[PDB]
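Below: one structure, written as structure tokens.
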Amino acid sequence: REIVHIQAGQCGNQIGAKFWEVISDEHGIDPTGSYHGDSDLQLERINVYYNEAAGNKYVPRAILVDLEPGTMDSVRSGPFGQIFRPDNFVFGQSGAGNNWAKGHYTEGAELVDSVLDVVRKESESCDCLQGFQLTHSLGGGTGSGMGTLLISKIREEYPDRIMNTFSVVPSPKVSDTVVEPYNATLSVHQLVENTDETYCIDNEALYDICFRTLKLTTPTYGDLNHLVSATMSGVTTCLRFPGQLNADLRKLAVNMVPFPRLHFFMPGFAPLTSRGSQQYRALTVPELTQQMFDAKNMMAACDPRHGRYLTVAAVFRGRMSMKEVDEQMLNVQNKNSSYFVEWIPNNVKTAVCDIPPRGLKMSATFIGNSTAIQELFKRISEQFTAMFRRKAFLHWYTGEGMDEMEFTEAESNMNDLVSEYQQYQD
Amino acid sequence: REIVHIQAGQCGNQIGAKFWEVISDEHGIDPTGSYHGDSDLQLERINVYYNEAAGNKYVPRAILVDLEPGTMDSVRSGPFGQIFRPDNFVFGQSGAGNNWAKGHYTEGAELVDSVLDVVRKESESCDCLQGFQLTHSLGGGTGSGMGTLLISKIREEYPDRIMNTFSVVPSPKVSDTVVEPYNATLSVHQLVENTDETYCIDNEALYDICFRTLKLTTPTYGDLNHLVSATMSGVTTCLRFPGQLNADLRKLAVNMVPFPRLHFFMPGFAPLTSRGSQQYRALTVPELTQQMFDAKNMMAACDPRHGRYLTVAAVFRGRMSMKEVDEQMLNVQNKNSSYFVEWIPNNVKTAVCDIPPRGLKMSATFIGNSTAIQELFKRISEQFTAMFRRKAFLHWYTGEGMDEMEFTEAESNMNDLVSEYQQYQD
Amino acid sequence: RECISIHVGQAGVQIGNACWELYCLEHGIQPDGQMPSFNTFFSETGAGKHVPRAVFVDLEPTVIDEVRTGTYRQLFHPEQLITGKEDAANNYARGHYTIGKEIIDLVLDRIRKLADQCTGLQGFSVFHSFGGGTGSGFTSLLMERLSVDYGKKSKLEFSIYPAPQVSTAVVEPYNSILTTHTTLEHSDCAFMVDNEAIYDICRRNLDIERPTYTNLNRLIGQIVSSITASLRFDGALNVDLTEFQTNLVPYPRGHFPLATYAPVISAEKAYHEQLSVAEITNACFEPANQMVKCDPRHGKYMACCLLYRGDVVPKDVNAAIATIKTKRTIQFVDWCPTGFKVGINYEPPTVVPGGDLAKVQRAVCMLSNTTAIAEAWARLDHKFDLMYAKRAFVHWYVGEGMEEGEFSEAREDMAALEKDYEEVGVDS
Amino acid sequence: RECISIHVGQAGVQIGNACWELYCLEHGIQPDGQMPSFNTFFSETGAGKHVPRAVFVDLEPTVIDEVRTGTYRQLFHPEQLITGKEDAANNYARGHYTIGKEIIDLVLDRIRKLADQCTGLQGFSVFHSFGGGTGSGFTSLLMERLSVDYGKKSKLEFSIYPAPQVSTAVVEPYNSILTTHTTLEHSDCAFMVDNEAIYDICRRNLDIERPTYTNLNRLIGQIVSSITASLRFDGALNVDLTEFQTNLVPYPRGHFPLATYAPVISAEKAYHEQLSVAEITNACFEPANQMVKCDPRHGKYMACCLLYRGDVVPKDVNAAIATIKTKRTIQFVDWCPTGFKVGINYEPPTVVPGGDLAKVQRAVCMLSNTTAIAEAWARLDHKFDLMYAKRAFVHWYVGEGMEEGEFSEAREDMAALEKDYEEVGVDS
Ligand SMILES: Nc1nc2c(ncn2[C@@H]2O[C@H](COP(=O)(O)CP(=O)(O)OP(=O)(O)O)[C@@H](O)[C@H]2O)c(=O)[nH]1
Ligand SMILES: Nc1nc2c(ncn2[C@@H]2O[C@H](COP(=O)(O)CP(=O)(O)OP(=O)(O)O)[C@@H](O)[C@H]2O)c(=O)[nH]1
Ligand SMILES: Nc1nc2c(ncn2[C@@H]2O[C@H](COP(=O)(O)OP(=O)(O)OP(=O)(O)O)[C@@H](O)[C@H]2O)c(=O)[nH]1
Ligand SMILES: Nc1nc2c(ncn2[C@@H]2O[C@H](COP(=O)(O)OP(=O)(O)OP(=O)(O)O)[C@@H](O)[C@H]2O)c(=O)[nH]1
Ligand SMILES: [Mg+2]
Ligand SMILES: [Mg+2]
Ligand SMILES: [Mg+2]
Ligand SMILES: [Mg+2]
């Protein structure tokens with residue numbers, strides 16, 4: 001029944017800053033820590049993410065990890081940085097510098113032991129864990145590097161808990177680190193087989209949505225990470241709150257994974273349009289389904305109609321008829337039958353929660369597992385190869401002891417995921 | 001039913017300064033000597049540590065001993081130095097200089113006769129003694145040197161009373177006297193067989209706790225000795241106050257000593273965390289047990305999971321259920337079964353008092369007897385040997401007549417305790 | 001003369017919520033149990049509170065908590081409300097085995113406690129869904145034990161029939177195939193309805209284009225009450241539950257009678273229209289009121305039971321039967337003569353205050369066993385096959401200890417079942 | 001027709017506190033002794049104050065002081081409140097010998113004084129715990145003297161059974177083994193309960209996850225009152241304490257009947273549920289209400305006594321017995337026919353104001369001697385063995401004059417006891 005969340009890397013720490021904000025919004029918990037809500041449900045299932053400390057203080061069940069105090073400090077300095085206890089800030093001193101080898105292989109490795117100890121302390125604080133969630137970037141040093149290391153140890157300690165992670169996937173246009181594909185390659189090599197599932201977030205796609213449908217001209221990462229948190233929070237609240245359908249994360253995982261190795265997801269979100277049009281929108285189930293199916297409302301820079309859909313999850317929040325939902329999902333399946341895989345009859349699955357997100361009447365979360373995902377892997381693998389041959393920045397990595405044959409195997413493994421998507425693309 | 005306490009050495013005198021402060025806090029006794037409390041219990045069992053002198057004055061049943069008036073004076077100068085009667089200040093003139101030979105063997109020996117006379121006067125003032133307690137340092141001249149001498153004579157006079165002592169054990173990093181291991185070695189040689197039990201306090205460990213969990217950056221010895229007094233006062237109050245379990249010091253001694261020679265203890269204490277987290281803490285029995293088991297909350301620089309646990313005492317203060325306590329202790333035994341010794345079924349014993357320490361809702365004192373203790377002896381013995389071969393400062397000691405063969409036997413005896421821990425480590 | 005209701009899973013419990021609400025409506029039972037006035041279902045306290053003899057099982061706290069926080073929380077005994085912490089995840093492998101098998105012993109002991117409270121246990125019925133983890137997984141687990149302890153008692157099951165078009169559970173075929181295997185062999189009779197078909201009923205007869213489950217379950221509750229409340233109440237032909245089994249199950253396999261219910265009429269549709277017994281029964285043989293999407297004209301009938309509420313005169317019923325036997329296109333299997341069970345209760349039909357259905361003065365429930373059911377199995381056959389051929393989602397069962405052979409086997413058992421329908425279709 | 005209660009040790013006294021509180025509740029006795037209205041337990045003064053005929057022994061002032069400062073300090077005679085200064089330290093060697101043996105003479109003379117106040121001493125009972133220093137040490141010392149002076153009077157003991165999982169006394173095995181040796185041979189019957197089992201009762205039947213000893217002892221008090229207050233009060237079948245002994249002790253060894261009590265129900269659990277005599281007795285044979293963690297199904301029964309309060313009609317009891325004899329899985333030893341003592345008091349069950357248990361109209365207490373008790377001894381055997389093989393803590397007894405041979409001997413006596421259970425298990 002409970003979940004532990006660990007954030008890492010500057011990305012992960014800033015995403016989590018919005019995530020937790022939202023969760024407390026959902027439950028009426030004040031930036032200082034106490035509960036000042038107003039709904040029974042708000043406290044009722046609070047346990048999944050909060051420990052109530054003496055005084056009616058709620059402690060977010062999460063660990064903030066970094067290798068630079070300053071980022072942690074900036075998190076702590078805002079509202080909701082006060083709700084986190086000092087003991088959840090685990091950090092070192094001297095960066096990682098966006099270096100996998102430092103993060104995973106060497107220096108960051110040193111910190112992980114202290115992180116894990118706190119993890120253990122929290123695992124004991126829970127009655128019964130459902131699972132763990134981690135937030136991070138695929139091409140980052142602590143985000144992926146150190147984060148991955150941690151994951152391999154947590155999974156080891158808890159094989160029976162859900163291990164998932166959401167991660168920022170290097171967008172085709174904006175890479176920061178020259179070896180960002182290298183770090184990503186290494187994380188695939190480690191993560192894929194050490195996780196139950198991973199979500200693919202592309203900032204470029206997010207920037208398109210924010211202007212494309214939301215028509216906004218000023219977003220920052222906090223605004224885009226709001227959208228990210230909308231999908232993350234969407235998933236777990238249902239599990240928390242009363243609904244109609246089947247509201248268990250593990251069951252979601254079961255329904256979305258047809259094969260042990262292909263567990264990559266494309267998140268999307270509805271409704272998600274500018275205020276101008278809000279006066280011209282109608283709120284129906286087909287309306288949400290139109291926004292959910294549309295590739296432009298995906299947060300991943302993929303194109304599901306290019307690939308084939310293996311699995312689709314449609315999560316609904318708010319009062320909807322069962323009939324309408326059933327029929328519209330069927331219609332989707334029918335009309336987009338050319339994209340769905342024939343091996344899975346009725347490949348579109350649903351989940352329904354009766355609690356709407358604060359401020360909306362209804363909402364829906366799109367989760368997909370297509371073959372289209374392989375295109376991201378292909379882009380990375382290719383870029384990787386070029387760098388691999390030149391050893392760009394690999395003296396930094398090999399200087400910290402990372403061996404090229406390990407990287408070679410990592411490359412293969414990327415190619416293996418692509419070939420397996422091809423094996424089920426048919 | 002009553003206890004007499006004797007403090008010696010600069011350490012012992014300063015520790016006692018905090019100890020007595022706390023005891024008077026517990027009973028509402030003013031720094032000047034009169035009772036101004038407010039609870040029935042506060043006076044009810046006051047007899048164990050105080051004599052009520054005419055005028056509703058309470059005299060702490062303790063003797064302050066030193067060989068330098070100035071330390072005694074500084075004690076006397078503060079609050080609660082006025083509660084002690086002048087007759088409890090027994091001191092000479094000219095130090096000891098942290099020299100066992102002076103303390104025990106020669107000069108300090110001279111003072112002991114006057115100390116003992118006062119001891120006798122107090123033994124008569126009591127109705128029925130339960131025992132005696134002494135506070136001192138193992139590597140100090142008057143602390144251990146003179147103190148030990150006194151102990152051998154008190155034990156002689158009262159074989160049937162509890163003889164225990166708490167002592168500062170030379171920390172691996174901060175020794176003051178070059179021959180501090182020598183003094184300690186000699187005190188083992190004398191103390192172990194002339195005491196019922198001794199507690200092992202490491203200042204280094206204490207400094208780690210104060211920053212590690214308490215997150216403090218300014219402690220002094222008074223703050224660390226506060227923690228020491230918390231454990232000392234924890235033990236005797238239960239004996240004093242109404243509880244549920246079995247509240248007798250001798251019974252504690254009986255339950256904690258499986259073998260005539262292995263009576264060394266590792267004190268620990270819960271709850272013991274910084275104020276920040278106090279808003280994020282929950283107060284349950286498992287919470288206390290988590291803090292009690294954790295080696296970092298031990299006040300001794302040992303590691304109980306390295307050795308084996310022979311005996312464990314869990315003392316609780318405040319209202320707790322019997323069930324919960326029983327179950328959590330069982331769980332501890334179960335989960336840490338790899339550290340417990342198989343010869344003793346249900347090796348974790350409890351004691352329960354219903355009076356919480358002032359200001360807290362609940363608290364617990366951890367007392368353990370592990371084999372891990374032997375590691376301290378090993379460190380000392382080794383250091384000793386090196387010094388022994390060189391006779392470092394032994395001209396001071398041999399100059400005062402201490403013979404090297406006595407020291408040789410002392411070395412053996414240290415090694416004997418280690419071998420006996422090995423004999424029961426299995 | 002007593003019976004036990006068992007509500008497993010959300011579907012089982014939420015339907016149950018409607019059911020017990022209706023029983024309260026039947027007698028004026030207050031949320032606290034106070035009844036001023038049916039002890040076959042209820043157990044009486046000295047306060048005049050009655051406890052519905054039923055067990056509520058959910059492995060996820062939430063739905064039971066919904067009960068616990070609603071008005072009927074005072075009605076139900078805390079021990080009747082059983083909850084676990086974790087779910088089956090849509091998955092028999094956990095529902096029947098890994099997870100549900102841990103709590104079932106408790107569940108059974110509460111059942112046994114109630115069985116000891118019964119003086120004359122007639123039997124029981126289980127409410128669930130064919131696709132879910134607890135809905136079908138746990139359910140069959142229960143049957144495995146109940147059929148031992150209560151081997152001679154009524155074992156009637158009611159389950160939601162997986163909609164051919166909409167399903168939220170991707171491994172529902174797999175779940176349902178496994179249940180076939182284990183329920184066929186243990187249960188006595190399983191009834192089912194299709195929410196999609198029901199939607200069509202709601203939009204055509206009730207004129208409602210916004211049905212939720214809370215509407216859908218009211219309609220189900222109607223059907224259930226006809227066979228549960230009114231069969232214990234007075235009538236001309238008082239039919240028992242054991243009698244139902246004895247009049248509806250023709251073979252030792254299972255059988256699966258499907259529900260049909262007429263009247264299902266909106267208030268406005270009731271105006272300007274006079275139903276007779278015969279007219280209502282005419283509606284009962286129309287595909288349009290068929291509660292499962294399966295064409296009555298496709299198959300052949302094997303069994304049929306008609307249960308009457310309110311203003312029904314046997315005289316009229318007899319005439320109605322004559323015409324359904326001879327006028328209709330109802331083909332029937334040789335084996336059977338038309339001995340259709342007629343239950344005739346004087347007990348009037350009841351309506352939920354604030355519901356959609358019109359107040360009616362008479363009502364007819366129809367149960368029927370048609371050969372068209374094999375097509376429903378055919379649907380499952382291919383859905384299962386597709387998944388199983390690719391082995392999609394298989395690791396979610398295998399990791400819990402399921403065997404691939406077992407899954408094949410279960411399919412084969414279904415195939416055998418289809419073959420037996422084929423057999424029955426062959427007239428002889 | 002009189003009796004003496006003896007409270008030794010904290011456990012003995014704190015349980016006693018609940019017991020005498022309940023007796024006050026039984027008759028409306030004021031803290032000062034004024035009773036406006038049971039002289040079998042109480043001695044009357046000219047003021048109409050009654051003194052509970054009991055002795056309180058503690059070798060540590062504190063618990064008796066707790067009595068002395070509470071409300072019942074006015075009730076108890078200062079001479080009844082006996083205290084020493086020092087403890088036994090969890091240790092028989094001091095409790096029975098070194099320390100307790102000094103004060104016991106006083107204690108005995110207060111007992112004798114009360115024995116002289118008795119006109120028709122029926123007997124007495126001693127409350128203690130199997131593991132403590134005074135709880136078991138001193139206790140057996142007392143028995144050594146009481147069995148001489150009062151050889152023909154009832155010698156019933158009640159003791160807390162050491163919890164297999166939680167114990168605060170590391171040498172409890174040693175203490176309990178020594179008591180076996182000395183109590184078996186002197187006492188007539190010893191009853192015991194397991195606080196761990198009780199916790200399970202509190203959390204499952206009372207729904208309380210926070211039991212303290214002050215809760216736990218209320219429940220014990222209930223059981224005790226059924227056999228102490230209500231056996232002196234009027235009924236159909238008025239059973240005496242000597243009768244209890246004469247109906248519960250089958251062999252000259254001891255025997256150790258275990259307690260079971262049903263009803264133990266929270267107020268909310270009482271609502272919506274009607275208990276009958278038979279239903280309550282059904283609960284009495286359930287492991288779930290067994291007050292000692294020992295499985296009733298493991299062993300075989302030798303003795304069983306059922307004592308009834310309030311609204312009990314022998315007619316119903318007879319039917320209940322018939323079903324427990326024939327319906328249950330209760331295996332019993334050949335030797336015994338099922339002559340189960342039925343005590344039937346009209347005296348209603350009583351409830352502590354502010355307690356956890358619901359007001360009940362009838363109640364049943366069960367005593368039973370099962371062969372499963374040998375497993376309890378087996379637990380002690382190994383715990384003792386482990387310690388004794390290492391000789392852990394042995395110096396704490398040896399220094400008081402204990403002999404190692406003695407300890408071996410005591411274990412062997414326990415082994416013999418286990419063997420006799422083995423014997424009984426062999427049917428003949
Ligand atoms: N949607 C978002 N992506 C981010 C954010 N911050 C960084 N990133 C992305 O993450 C990757 C860079 O990573 P970080 O800041 O997380 C690196 P990290 O601090 O984990 O490790 P170091 O190497 O020790 O600095 C990259 O794809 C950035 O482009 C953010 O706030 N939002
Ligand atoms: N936790 C504490 N340890 C102390 C304190 N003062 C000293 N010590 C420790 O005790 C030992 C030194 O001893 P003292 O001051 O007690 C020597 P003492 O005055 O007994 O005898 P002399 O040789 O006559 O000076 C050493 O391990 C110091 O490091 C104190 O206030 N607190
Ligand atoms: N008629 C009706 N059908 C329902 C209701 N709730 C769910 N269903 C149907 O039953 C199936 C859903 O089962 P779930 O809710 O996913 O699962 P469950 O059987 O409760 O058990 P778990 O999978 O372990 O949660 C779907 O086919 C739904 O259409 C309801 O209230 N009424
Ligand atoms: N039911 C119940 N058990 C108790 C109570 N108090 C203590 N016990 C149990 O009895 C045993 C404790 O005995 P102690 O309190 O240590 O000792 P004592 O028997 O009073 O005598 P000394 O050892 O000399 O103090 C443990 O097994 C406790 O769990 C109580 O109030 N009620
Ligand atoms: Mg960084
Ligand atoms: Mg000094
Ligand atoms: Mg469910
Ligand atoms: Mg005691």
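Every chain in the structure tokens has a letter given in the order shown (A, B, ...), and although residue numbers restart at 1 in each chain, ligands are simply numbered from 1 in the order shown.
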Next item on the list: Extract the full set of alpha helix (DSSP H) residues from segment 177-282 of chain A according to DSSP on the backbone, and format it as a count of residues only.
Entry: 50
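Pocket residues of ligand 8, taken as those with any atom at most 9 Å away using only C-alpha atoms and all ligand atoms, are residues 243, 244, 245, 246, 247 and 248 of chain B; 9, 10, 11, 58, 59, 60, 61, 62, 63, 87, 88, 89, 90, 132, 133, 134 and 135 of chain D.
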Report as JSON lines: every residue of chain D with an atom at most 6 Å from chain B, its closest pair of atoms, and their distance in Å to one decimal, counting only C-alpha atoms, with rows sorted by chain and ascending residue number.
```
{"residue": "D:62", "atom": "CA", "partner": "B:242", "partner_atom": "CA", "distance": 5.9}
{"residue": "D:89", "atom": "CA", "partner": "B:251", "partner_atom": "CA", "distance": 3.8}
{"residue": "D:90", "atom": "CA", "partner": "B:251", "partner_atom": "CA", "distance": 5.8}
{"residue": "D:165", "atom": "CA", "partner": "B:330", "partner_atom": "CA", "distance": 5.9}
{"residue": "D:166", "atom": "CA", "partner": "B:326", "partner_atom": "CA", "distance": 4.7}
{"residue": "D:168", "atom": "CA", "partner": "B:349", "partner_atom": "CA", "distance": 4.0}
{"residue": "D:169", "atom": "CA", "partner": "B:349", "partner_atom": "CA", "distance": 5.6}
{"residue": "D:170", "atom": "CA", "partner": "B:255", "partner_atom": "CA", "distance": 5.8}
{"residue": "D:210", "atom": "CA", "partner": "B:321", "partner_atom": "CA", "distance": 5.9}
{"residue": "D:211", "atom": "CA", "partner": "B:321", "partner_atom": "CA", "distance": 5.5}
{"residue": "D:212", "atom": "CA", "partner": "B:321", "partner_atom": "CA", "distance": 4.4}
{"residue": "D:383", "atom": "CA", "partner": "B:345", "partner_atom": "CA", "distance": 5.3}
{"residue": "D:386", "atom": "CA", "partner": "B:343", "partner_atom": "CA", "distance": 4.7}
{"residue": "D:387", "atom": "CA", "partner": "B:344", "partner_atom": "CA", "distance": 5.1}
{"residue": "D:392", "atom": "CA", "partner": "B:258", "partner_atom": "CA", "distance": 4.0}
{"residue": "D:393", "atom": "CA", "partner": "B:258", "partner_atom": "CA", "distance": 3.7}
{"residue": "D:396", "atom": "CA", "partner": "B:254", "partner_atom": "CA", "distance": 5.6}
```
Output the selection as a PDB file, in the first residue's frame - N, CA, C and O atoms for each residue.
```
ATOM      1  N   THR D  62       6.807  -0.074  46.378  1.00  0.00           N
ATOM      2  CA  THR D  62       6.038   0.600  45.384  1.00  0.00           C
ATOM      3  C   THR D  62       4.642   0.165  44.996  1.00  0.00           C
ATOM      4  O   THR D  62       3.736   0.999  44.988  1.00  0.00           O
ATOM      5  N   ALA D  89      14.519  -9.845  42.690  1.00  0.00           N
ATOM      6  CA  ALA D  89      15.248  -9.759  41.498  1.00  0.00           C
ATOM      7  C   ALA D  89      15.049 -10.806  40.546  1.00  0.00           C
ATOM      8  O   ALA D  89      16.021 -11.366  40.041  1.00  0.00           O
ATOM      9  N   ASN D  90      13.777 -11.033  40.294  1.00  0.00           N
ATOM     10  CA  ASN D  90      13.511 -12.027  39.337  1.00  0.00           C
ATOM     11  C   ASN D  90      14.094 -13.334  39.661  1.00  0.00           C
ATOM     12  O   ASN D  90      14.474 -14.074  38.752  1.00  0.00           O
ATOM     13  N   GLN D 165       6.804 -15.525  23.393  1.00  0.00           N
ATOM     14  CA  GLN D 165       7.546 -14.581  22.631  1.00  0.00           C
ATOM     15  C   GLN D 165       8.022 -13.420  23.399  1.00  0.00           C
ATOM     16  O   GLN D 165       9.134 -12.947  23.153  1.00  0.00           O
ATOM     17  N   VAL D 166       7.215 -12.927  24.299  1.00  0.00           N
ATOM     18  CA  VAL D 166       7.805 -11.842  25.036  1.00  0.00           C
ATOM     19  C   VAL D 166       7.942 -12.027  26.488  1.00  0.00           C
ATOM     20  O   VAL D 166       6.987 -12.167  27.252  1.00  0.00           O
ATOM     21  N   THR D 168      10.364 -10.466  29.668  1.00  0.00           N
ATOM     22  CA  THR D 168      11.216  -9.465  30.248  1.00  0.00           C
ATOM     23  C   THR D 168      12.184 -10.017  31.244  1.00  0.00           C
ATOM     24  O   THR D 168      13.045  -9.309  31.762  1.00  0.00           O
ATOM     25  N   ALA D 169      12.031 -11.298  31.492  1.00  0.00           N
ATOM     26  CA  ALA D 169      12.845 -11.963  32.462  1.00  0.00           C
ATOM     27  C   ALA D 169      13.665 -13.055  31.841  1.00  0.00           C
ATOM     28  O   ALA D 169      13.170 -14.132  31.496  1.00  0.00           O
ATOM     29  N   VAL D 170      14.952 -12.789  31.743  1.00  0.00           N
ATOM     30  CA  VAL D 170      15.824 -13.733  31.077  1.00  0.00           C
ATOM     31  C   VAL D 170      15.991 -15.056  31.737  1.00  0.00           C
ATOM     32  O   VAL D 170      16.295 -16.044  31.071  1.00  0.00           O
ATOM     33  N   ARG D 210      -4.307  -1.254  21.561  1.00  0.00           N
ATOM     34  CA  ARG D 210      -3.500  -0.634  22.572  1.00  0.00           C
ATOM     35  C   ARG D 210      -3.645  -1.220  23.982  1.00  0.00           C
ATOM     36  O   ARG D 210      -3.638  -0.440  24.933  1.00  0.00           O
ATOM     37  N   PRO D 211      -3.721  -2.547  24.197  1.00  0.00           N
ATOM     38  CA  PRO D 211      -3.859  -3.045  25.529  1.00  0.00           C
ATOM     39  C   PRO D 211      -2.642  -2.894  26.410  1.00  0.00           C
ATOM     40  O   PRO D 211      -1.481  -3.114  26.052  1.00  0.00           O
ATOM     41  N   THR D 212      -3.007  -2.437  27.608  1.00  0.00           N
ATOM     42  CA  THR D 212      -2.121  -2.258  28.724  1.00  0.00           C
ATOM     43  C   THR D 212      -2.506  -3.325  29.701  1.00  0.00           C
ATOM     44  O   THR D 212      -3.564  -3.947  29.579  1.00  0.00           O
ATOM     45  N   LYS D 383      14.179 -23.691  26.531  1.00  0.00           N
ATOM     46  CA  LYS D 383      14.694 -22.419  26.965  1.00  0.00           C
ATOM     47  C   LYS D 383      15.612 -22.564  28.152  1.00  0.00           C
ATOM     48  O   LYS D 383      16.659 -21.910  28.229  1.00  0.00           O
ATOM     49  N   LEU D 386      18.938 -24.299  27.048  1.00  0.00           N
ATOM     50  CA  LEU D 386      19.912 -23.447  26.430  1.00  0.00           C
ATOM     51  C   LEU D 386      20.730 -22.651  27.387  1.00  0.00           C
ATOM     52  O   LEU D 386      21.957 -22.555  27.268  1.00  0.00           O
ATOM     53  N   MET D 387      20.028 -22.092  28.346  1.00  0.00           N
ATOM     54  CA  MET D 387      20.682 -21.290  29.328  1.00  0.00           C
ATOM     55  C   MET D 387      21.583 -22.102  30.213  1.00  0.00           C
ATOM     56  O   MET D 387      22.732 -21.741  30.490  1.00  0.00           O
ATOM     57  N   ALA D 392      24.396 -19.707  31.583  1.00  0.00           N
ATOM     58  CA  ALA D 392      24.273 -18.278  31.536  1.00  0.00           C
ATOM     59  C   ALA D 392      23.433 -17.928  32.725  1.00  0.00           C
ATOM     60  O   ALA D 392      22.498 -18.656  33.090  1.00  0.00           O
ATOM     61  N   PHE D 393      23.801 -16.810  33.333  1.00  0.00           N
ATOM     62  CA  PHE D 393      23.149 -16.256  34.504  1.00  0.00           C
ATOM     63  C   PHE D 393      23.176 -17.135  35.743  1.00  0.00           C
ATOM     64  O   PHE D 393      22.565 -16.780  36.755  1.00  0.00           O
ATOM     65  N   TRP D 396      23.842 -15.908  39.451  1.00  0.00           N
ATOM     66  CA  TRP D 396      22.866 -15.146  40.182  1.00  0.00           C
ATOM     67  C   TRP D 396      22.007 -15.986  41.101  1.00  0.00           C
ATOM     68  O   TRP D 396      21.228 -15.457  41.894  1.00  0.00           O
TER      69      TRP D 396
END
```
Using only C-alpha atoms and all ligand atoms, find each residue in chain B having at least one atom no more than 7 Å away from ligand 2; report its shortest atom-to-atom pair and that distance in Å (one decimal), rows by chain then rising number, as a Markdown table.
```
| residue | atom | partner | partner_atom_place_in_ligand_line | distance |
| --- | --- | --- | --- | --- |
| B:8 | CA | ligand 2 | 20 (O) | 5.7 |
| B:9 | CA | ligand 2 | 20 (O) | 2.6 |
| B:10 | CA | ligand 2 | 15 (O) | 3.4 |
| B:11 | CA | ligand 2 | 6 (N) | 3.4 |
| B:12 | CA | ligand 2 | 16 (O) | 5.8 |
| B:14 | CA | ligand 2 | 31 (O) | 5.1 |
| B:15 | CA | ligand 2 | 31 (O) | 6.0 |
| B:66 | CA | ligand 2 | 19 (O) | 6.9 |
| B:67 | CA | ligand 2 | 24 (O) | 6.1 |
| B:95 | CA | ligand 2 | 24 (O) | 4.6 |
| B:96 | CA | ligand 2 | 24 (O) | 3.5 |
| B:97 | CA | ligand 2 | 23 (O) | 3.8 |
| B:98 | CA | ligand 2 | 23 (O) | 2.0 |
| B:99 | CA | ligand 2 | 23 (O) | 5.1 |
| B:103 | CA | ligand 2 | 24 (O) | 6.9 |
| B:136 | CA | ligand 2 | 16 (O) | 6.5 |
| B:137 | CA | ligand 2 | 10 (O) | 4.6 |
| B:138 | CA | ligand 2 | 27 (O) | 6.8 |
| B:139 | CA | ligand 2 | 11 (C) | 5.5 |
| B:140 | CA | ligand 2 | 17 (C) | 4.3 |
| B:141 | CA | ligand 2 | 23 (O) | 3.5 |
| B:142 | CA | ligand 2 | 20 (O) | 3.7 |
| B:143 | CA | ligand 2 | 20 (O) | 3.2 |
| B:144 | CA | ligand 2 | 20 (O) | 6.3 |
| B:168 | CA | ligand 2 | 3 (N) | 5.8 |
| B:169 | CA | ligand 2 | 27 (O) | 6.3 |
| B:170 | CA | ligand 2 | 27 (O) | 5.0 |
| B:174 | CA | ligand 2 | 29 (O) | 6.8 |
| B:175 | CA | ligand 2 | 27 (O) | 6.0 |
| B:176 | CA | ligand 2 | 29 (O) | 5.7 |
| B:203 | CA | ligand 2 | 1 (N) | 5.2 |
| B:221 | CA | ligand 2 | 32 (N) | 4.9 |
| B:222 | CA | ligand 2 | 31 (O) | 6.8 |
| B:224 | CA | ligand 2 | 1 (N) | 6.3 |
| B:225 | CA | ligand 2 | 1 (N) | 5.7 |
```
